[PDB]
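Q: Pasting a structure below so you can have a look.
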Amino acid sequence: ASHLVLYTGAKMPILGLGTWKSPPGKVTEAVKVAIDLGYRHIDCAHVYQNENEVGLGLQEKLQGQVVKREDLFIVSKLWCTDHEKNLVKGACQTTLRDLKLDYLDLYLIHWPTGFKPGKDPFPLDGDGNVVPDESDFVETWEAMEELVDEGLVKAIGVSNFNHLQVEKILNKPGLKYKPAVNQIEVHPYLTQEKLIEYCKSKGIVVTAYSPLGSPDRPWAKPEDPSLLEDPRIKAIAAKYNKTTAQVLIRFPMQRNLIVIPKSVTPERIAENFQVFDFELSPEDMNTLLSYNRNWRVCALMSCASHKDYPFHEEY
Ligand SMILES: NC(=O)c1ccc[n+]([C@@H]2O[C@H](COP(=O)([O-])OP(=O)(O)OC[C@H]3O[C@@H](n4cnc5c(N)ncnc54)[C@H](OP(=O)(O)O)[C@@H]3O)[C@@H](O)[C@H]2O)c1
Ligand SMILES: COc1ccc2c(C(=S)N(C)CC(=O)O)cccc2c1C(F)(F)F
């Protein structure tokens, strides 16, 4: 309704601001506007290369006494080059310093795929194929657990793990803490109800990323279906006197999923928060669900031959 609750007890705000593709020079004002409207959850990642500028906006708000740290849910993610057990605490610490924080509320393994460690975030080989490393995410998970032990993060989770990969963690001998969250792509064209159902039966909250199907993604070829311009969802939105964006954000909320839409435009950030005031009647919910095309915006074919590439599995 307003926040879901993690198995730790922690209240996770159901709406958050996304920061991927939000440019360094715009994301500080975007984060400030968002906290001024009442957003209390920011979704970040080291690979978005803007955590420093996110941090600046947070800092201004925290020292300006506009929010208490306890009222903020800040998420970041461990990038693929940092999956070797020994690189994890370093990567978490760099993210804390950039964000100008003492702890994270949630730290996610960003993708199940470990890439060759080094300065370059996407180490490529001759064939333009990404270079794997010598690690298994169950080892990365152990290092992610030590972050909880030390108080650097309040909960750990995963992102883009298929249900068999989540199982690998859950069935790990010696497991201290289990995935509190699994953040995955969920929108009308990829409604994901089997992975959602699986996660929920395991007690793992789901965060639906790319609610509007990422119009601004780099690889957006012009003959790709725009959820925002899909006349069908414009129609259901018209009935609602709301926008396609607003009903596209309402949809995950209603399915009891955390939503993190991205915008750097102030007006749009304010629009995206104007959604806790209407409900979609079950017909609409089911029509939105019937748009399931299994169309996946974040497919990342360049990674497909990786041993832990998540999407060759049904769910
Ligand atoms: N864990 C992962 O692997 C992963 C992967 C992808 C995304 N995510 C997270 O999910 C967040 C959201 O997904 P996304 O950024 O991929 O895409 P998205 O939220 O589906 O789409 C963002 C695009 O839609 C626009 N938009 C936002 N509000 C709008 C509105 N009210 N009206 C019209 N258009 C609007 C934004 O415009 P402007 O910004 O130009 O205003 C931007 O161009 C990301 O920022 C990231 O934090 C996580
Ligand atoms: C695991 O492989 C990934 C993961 C993420 C990306 C991204 C990113 S940062 N996203 C799709 C957003 C995100 O992962 O949060 C962009 C380009 C290539 C990627 C790749 C890849 F390079 F292979 F295509």
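Chain labels A, B, ... are given in the sequence in which chains occur in the structure tokens; within each chain residues are numbered consecutively from 1, and ligands are likewise numbered from 1 in the order shown.
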Extract, using only C-alpha atoms, all DNA, RNA and protein residues at most 12 Å from residue 44 (chain A), discarding same-chain residues fewer than 3 positions from it, and format them as number ranges by chain.
A: A: 16-22, 27, 31, 41, 47-55, 73-79, 95-96, 98-99, 104-108, 110, 209, 260-262
Q: Include C-alpha atoms and write out the residues we just selected as a compact mmCIF listing (two decimals), in the first residue's frame.
A:
# COMPACT_ATOMS: atom_id res chain seq x y z
CA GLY A 16 11.59 4.80 -5.15
CA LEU A 17 13.51 6.95 -7.62
CA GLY A 18 15.66 5.17 -10.16
CA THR A 19 19.05 6.60 -11.05
CA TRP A 20 20.23 4.62 -14.10
CA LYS A 21 20.92 6.91 -17.01
CA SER A 22 20.33 9.93 -14.74
CA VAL A 27 20.80 13.50 -10.59
CA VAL A 31 17.32 13.38 -5.79
CA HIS A 41 13.82 5.43 -1.31
CA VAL A 47 27.94 1.17 -12.32
CA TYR A 48 25.56 4.04 -12.95
CA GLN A 49 28.62 6.29 -12.23
CA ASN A 50 26.59 8.90 -10.37
CA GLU A 51 26.63 7.72 -6.77
CA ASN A 52 28.81 10.69 -5.84
CA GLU A 53 26.27 13.14 -7.19
CA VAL A 54 23.43 11.14 -5.56
CA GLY A 55 25.39 11.37 -2.30
CA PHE A 73 15.96 3.64 2.27
CA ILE A 74 19.05 3.82 0.03
CA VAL A 75 19.91 0.89 -2.18
CA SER A 76 23.09 0.25 -4.15
CA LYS A 77 24.42 -2.76 -6.04
CA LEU A 78 27.71 -4.72 -6.27
CA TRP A 79 28.92 -4.58 -9.88
CA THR A 95 29.86 3.09 -2.70
CA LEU A 96 29.43 4.22 0.90
CA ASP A 98 30.53 8.19 -2.73
CA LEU A 99 27.10 8.22 -1.27
CA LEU A 104 23.31 1.06 3.17
CA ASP A 105 19.74 -0.16 3.75
CA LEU A 106 20.02 -2.79 1.01
CA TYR A 107 22.98 -3.93 -1.03
CA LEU A 108 22.18 -6.14 -4.04
CA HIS A 110 23.59 -6.57 -9.37
CA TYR A 209 12.55 -2.09 -12.41
CA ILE A 260 11.51 2.30 -8.82
CA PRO A 261 10.74 4.55 -11.90
CA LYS A 262 13.54 6.81 -13.20
Q: Given a cut-off of 7 Å, what residues near ligand 2 show up using only C-alpha atoms and all ligand atoms, put as a PDB file with N, CA, C and O atoms, in the first residue's frame?
A:
ATOM      1  N   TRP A  20      19.524   5.018 -12.896  1.00  0.00           N
ATOM      2  CA  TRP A  20      20.228   4.618 -14.100  1.00  0.00           C
ATOM      3  C   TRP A  20      19.889   5.594 -15.207  1.00  0.00           C
ATOM      4  O   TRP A  20      18.763   6.064 -15.362  1.00  0.00           O
ATOM      5  N   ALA A  45      23.423   2.394  -7.928  1.00  0.00           N
ATOM      6  CA  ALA A  45      24.350   1.344  -8.283  1.00  0.00           C
ATOM      7  C   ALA A  45      25.665   1.987  -8.633  1.00  0.00           C
ATOM      8  O   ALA A  45      25.746   3.041  -9.276  1.00  0.00           O
ATOM      9  N   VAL A  47      27.738   1.091 -10.893  1.00  0.00           N
ATOM     10  CA  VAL A  47      27.943   1.169 -12.320  1.00  0.00           C
ATOM     11  C   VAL A  47      27.196   2.311 -12.998  1.00  0.00           C
ATOM     12  O   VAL A  47      27.476   2.668 -14.154  1.00  0.00           O
ATOM     13  N   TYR A  48      26.244   2.937 -12.318  1.00  0.00           N
ATOM     14  CA  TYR A  48      25.555   4.037 -12.952  1.00  0.00           C
ATOM     15  C   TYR A  48      26.469   5.258 -12.985  1.00  0.00           C
ATOM     16  O   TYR A  48      26.145   6.214 -13.695  1.00  0.00           O
ATOM     17  N   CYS A  80      29.445  -6.378 -11.441  1.00  0.00           N
ATOM     18  CA  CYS A  80      29.933  -7.655 -11.912  1.00  0.00           C
ATOM     19  C   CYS A  80      31.419  -7.863 -11.835  1.00  0.00           C
ATOM     20  O   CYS A  80      31.856  -9.001 -11.643  1.00  0.00           O
ATOM     21  N   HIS A 110      24.278  -7.216  -8.277  1.00  0.00           N
ATOM     22  CA  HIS A 110      23.588  -6.568  -9.370  1.00  0.00           C
ATOM     23  C   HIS A 110      23.147  -7.492 -10.476  1.00  0.00           C
ATOM     24  O   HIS A 110      22.081  -7.267 -11.059  1.00  0.00           O
ATOM     25  N   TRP A 111      23.986  -8.449 -10.850  1.00  0.00           N
ATOM     26  CA  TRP A 111      23.703  -9.379 -11.917  1.00  0.00           C
ATOM     27  C   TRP A 111      24.398 -10.635 -11.441  1.00  0.00           C
ATOM     28  O   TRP A 111      25.402 -10.553 -10.706  1.00  0.00           O
ATOM     29  N   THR A 113      26.154 -12.623 -13.135  1.00  0.00           N
ATOM     30  CA  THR A 113      27.345 -12.724 -13.951  1.00  0.00           C
ATOM     31  C   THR A 113      28.577 -12.017 -13.395  1.00  0.00           C
ATOM     32  O   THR A 113      28.572 -10.804 -13.215  1.00  0.00           O
ATOM     33  N   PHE A 122      33.106  -3.265 -18.105  1.00  0.00           N
ATOM     34  CA  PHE A 122      32.674  -4.246 -19.102  1.00  0.00           C
ATOM     35  C   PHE A 122      33.916  -4.727 -19.859  1.00  0.00           C
ATOM     36  O   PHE A 122      34.146  -4.255 -20.979  1.00  0.00           O
ATOM     37  N   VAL A 130      31.516 -10.354 -23.434  1.00  0.00           N
ATOM     38  CA  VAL A 130      32.045  -9.946 -22.148  1.00  0.00           C
ATOM     39  C   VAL A 130      32.839 -11.102 -21.548  1.00  0.00           C
ATOM     40  O   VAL A 130      32.510 -12.275 -21.737  1.00  0.00           O
ATOM     41  N   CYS A 298      15.821  -5.447 -20.914  1.00  0.00           N
ATOM     42  CA  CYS A 298      17.166  -5.693 -20.426  1.00  0.00           C
ATOM     43  C   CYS A 298      17.446  -7.173 -20.564  1.00  0.00           C
ATOM     44  O   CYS A 298      17.380  -7.970 -19.625  1.00  0.00           O
ATOM     45  N   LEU A 300      20.292  -8.208 -22.501  1.00  0.00           N
ATOM     46  CA  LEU A 300      21.759  -8.219 -22.549  1.00  0.00           C
ATOM     47  C   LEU A 300      22.462  -9.436 -23.118  1.00  0.00           C
ATOM     48  O   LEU A 300      23.292 -10.140 -22.538  1.00  0.00           O
ATOM     49  N   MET A 301      22.197  -9.496 -24.415  1.00  0.00           N
ATOM     50  CA  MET A 301      22.698 -10.537 -25.281  1.00  0.00           C
ATOM     51  C   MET A 301      24.213 -10.665 -25.243  1.00  0.00           C
ATOM     52  O   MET A 301      24.731 -11.779 -25.316  1.00  0.00           O
ATOM     53  N   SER A 302      24.956  -9.583 -25.023  1.00  0.00           N
ATOM     54  CA  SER A 302      26.415  -9.622 -24.946  1.00  0.00           C
ATOM     55  C   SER A 302      26.997 -10.507 -23.841  1.00  0.00           C
ATOM     56  O   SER A 302      28.197 -10.807 -23.789  1.00  0.00           O
ATOM     57  N   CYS A 303      26.102 -10.875 -22.924  1.00  0.00           N
ATOM     58  CA  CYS A 303      26.414 -11.680 -21.770  1.00  0.00           C
ATOM     59  C   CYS A 303      25.907 -13.119 -21.917  1.00  0.00           C
ATOM     60  O   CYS A 303      26.329 -14.000 -21.160  1.00  0.00           O
TER      61      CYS A 303
END
Q: List every residue of region 97-209 of chain A that DSSP, applied to the backbone, labels as helix (DSSP H, G or I), and write the result as number ranges by chain.
A: A: 97-99, 137-149, 163-170, 193-202
Q: With a distance cut-off of 10 Å and only C-alpha atoms, select the neighbouring residues of residue 307 (chain A), excluding the residue or stretch itself and same-chain residues fewer than 6 positions from it, and output the selection as a list in words.
A: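 Surrounding residues, per the criterion: residues 112, 113, 114, 132 and 136 of chain A.
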Q: Just the selected residues (N, CA and C atoms), exported as a short mmCIF file (atom, residue, chain, number, x, y, z; two decimals), in the first residue's frame, please.
A:
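In the end it all went to result.cif:
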data_model
loop_
_atom_site.label_atom_id
_atom_site.label_comp_id
_atom_site.auth_asym_id
_atom_site.auth_seq_id
_atom_site.Cartn_x
_atom_site.Cartn_y
_atom_site.Cartn_z
N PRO A 112 23.91 -11.84 -11.78
CA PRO A 112 24.56 -13.08 -11.36
C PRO A 112 25.91 -13.32 -12.03
N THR A 113 26.15 -12.62 -13.13
CA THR A 113 27.35 -12.72 -13.95
C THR A 113 28.58 -12.02 -13.39
N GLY A 114 29.63 -12.71 -13.01
CA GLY A 114 30.85 -12.06 -12.62
C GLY A 114 31.67 -11.82 -13.88
N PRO A 132 34.12 -13.36 -18.60
CA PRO A 132 33.76 -13.90 -17.29
C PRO A 132 34.96 -13.96 -16.38
N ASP A 136 31.78 -17.89 -8.46
CA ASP A 136 30.41 -18.36 -8.37
C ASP A 136 29.71 -17.41 -7.43
#
Q: Going by DSSP on the backbone, which bits of region 87-177 of chain A are strand (DSSP E or B)? Write them as a list in words, please.
A: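 Checking each residue of region 87-177 of chain A, the strand (DSSP E or B) ones are residues 104, 106, 107, 108, 109, 115, 124, 130, 132, 153, 156, 157, 158 and 159 of chain A.
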Q: Restricted to C-alpha atoms, what would the selected residues look like written as a PDB file, in the first residue's frame?
A:
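And here is the file that came out, part.pdb:
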ATOM      1  CA  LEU A 104      23.310   1.059   3.172  1.00  0.00           C
ATOM      2  CA  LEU A 106      20.021  -2.790   1.006  1.00  0.00           C
ATOM      3  CA  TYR A 107      22.978  -3.935  -1.027  1.00  0.00           C
ATOM      4  CA  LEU A 108      22.178  -6.138  -4.039  1.00  0.00           C
ATOM      5  CA  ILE A 109      24.397  -8.460  -6.187  1.00  0.00           C
ATOM      6  CA  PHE A 115      33.120 -10.301 -15.131  1.00  0.00           C
ATOM      7  CA  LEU A 124      35.400  -7.243 -23.569  1.00  0.00           C
ATOM      8  CA  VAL A 130      32.045  -9.946 -22.148  1.00  0.00           C
ATOM      9  CA  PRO A 132      33.764 -13.904 -17.293  1.00  0.00           C
ATOM     10  CA  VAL A 153      24.493  -2.780   5.137  1.00  0.00           C
ATOM     11  CA  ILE A 156      21.396  -7.977   1.319  1.00  0.00           C
ATOM     12  CA  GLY A 157      19.525  -9.074  -1.839  1.00  0.00           C
ATOM     13  CA  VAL A 158      20.056  -9.997  -5.503  1.00  0.00           C
ATOM     14  CA  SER A 159      18.950  -8.633  -8.862  1.00  0.00           C
TER      15      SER A 159
END
Q: Return the single residue from A:248, A:212, A:297, A:205 that is closest to residue 4 (chain A), with distances computed using only C-alpha atoms.
A: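 Among the listed residues, the smallest separation from residue 4 (chain A) belongs to A:205.
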Q: Got a sec: who's within 10 Å of residue 240 (chain A), counting only C-alpha atoms, leaving out chain neighbours fewer than 6 positions off, as a list in words?
A: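 Non-adjacent residues within range: residues 234, 246, 247, 278, 279 and 280 of chain A.
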Q: Nearest to residue 172 (chain A): which of A:186, A:138, A:101, A:143 is it, counting only C-alpha atoms?
A: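 Among A:186, A:138, A:101, A:143, it is A:138 that comes nearest to residue 172 (chain A).
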Q: So what do you get for atom 48 (C, counted along the ligand's line) of ligand 1 versus CA of residue 310 (chain A), distance-wise?
A: 14.6 Å
Q: With a distance cut-off of 10 Å and only C-alpha atoms, select the neighbouring residues of residue 288 (chain A), excluding the residue or stretch itself and same-chain residues fewer than 4 positions from it, and output the selection as a list in words.
A: residues 187, 188, 189, 191, 232, 233, 236, 247, 248, 251, 282, 283, 284 and 292 of chain A
Q: List the neighbours of residue 252 (chain A) out to 9 Å using only C-alpha atoms; skip same-chain residues closer than 6 positions along the sequence, and give me the result as a PyMOL selection string.
A: chain A and resi 186-187+207-208+211+258-259
Q: Generate the output file for the selected residues, N, CA and C atoms, as an mmCIF file, in the first residue's frame.
A:
data_model
loop_
_atom_site.group_PDB
_atom_site.id
_atom_site.type_symbol
_atom_site.label_atom_id
_atom_site.label_comp_id
_atom_site.auth_asym_id
_atom_site.auth_seq_id
_atom_site.Cartn_x
_atom_site.Cartn_y
_atom_site.Cartn_z
ATOM 1 N N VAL A 186 9.991 -5.795 -14.601
ATOM 2 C CA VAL A 186 8.583 -6.165 -14.575
ATOM 3 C C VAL A 186 7.842 -4.968 -15.167
ATOM 4 N N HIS A 187 7.024 -5.205 -16.195
ATOM 5 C CA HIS A 187 6.169 -4.190 -16.820
ATOM 6 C C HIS A 187 5.069 -4.933 -17.607
ATOM 7 N N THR A 207 11.149 -6.009 -6.504
ATOM 8 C CA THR A 207 11.218 -4.620 -6.922
ATOM 9 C C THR A 207 11.214 -4.736 -8.434
ATOM 10 N N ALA A 208 10.238 -4.064 -9.022
ATOM 11 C CA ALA A 208 10.043 -4.066 -10.448
ATOM 12 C C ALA A 208 10.805 -2.890 -10.990
ATOM 13 N N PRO A 211 9.527 0.020 -14.984
ATOM 14 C CA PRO A 211 8.067 0.039 -15.022
ATOM 15 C C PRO A 211 7.480 0.593 -16.323
ATOM 16 N N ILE A 258 7.614 -3.546 -5.101
ATOM 17 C CA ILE A 258 8.278 -2.264 -4.907
ATOM 18 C C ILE A 258 8.480 -1.708 -6.314
ATOM 19 N N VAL A 259 8.206 -0.442 -6.610
ATOM 20 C CA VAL A 259 8.444 0.139 -7.922
ATOM 21 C C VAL A 259 9.539 1.202 -7.839
#
Q: Between A:1, A:299, A:58, A:257, which is the closest to ligand 1 once you count only C-alpha atoms and all ligand atoms?
A: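 Answer, going by the shortest atom-to-atom distance: A:299.
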Q: Considering only C-alpha atoms, return as a list in words whatever protein or nucleic-acid residues lie within 9 Å of residue 272 (chain A), sequence-local ones (same chain, fewer than 4 positions apart) excluded.
A: residues 15, 245, 246, 249, 261, 263, 267 and 268 of chain A
Q: Closest to residue 137 (chain A) among A:169, A:92, A:164, A:87, using only C-alpha atoms?
A: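 Checking each of A:169, A:92, A:164, A:87 against residue 137 (chain A), counting only C-alpha atoms, the winner is A:169.
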Q: Determine the nearest neighbour of residue 204 (chain A) from the options A:271, A:223, A:167, A:71, counting only C-alpha atoms.
A: A:167
Q: Expressed in Å to a single decimal, how great is the separation between atom 9 (C, counted along the ligand's line) of ligand 1 and CA of residue 210 (chain A)?
A: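 CA of residue 210 (chain A) lies at a distance of 6.0 Å from atom 9 (C, counted along the ligand's line) of ligand 1.
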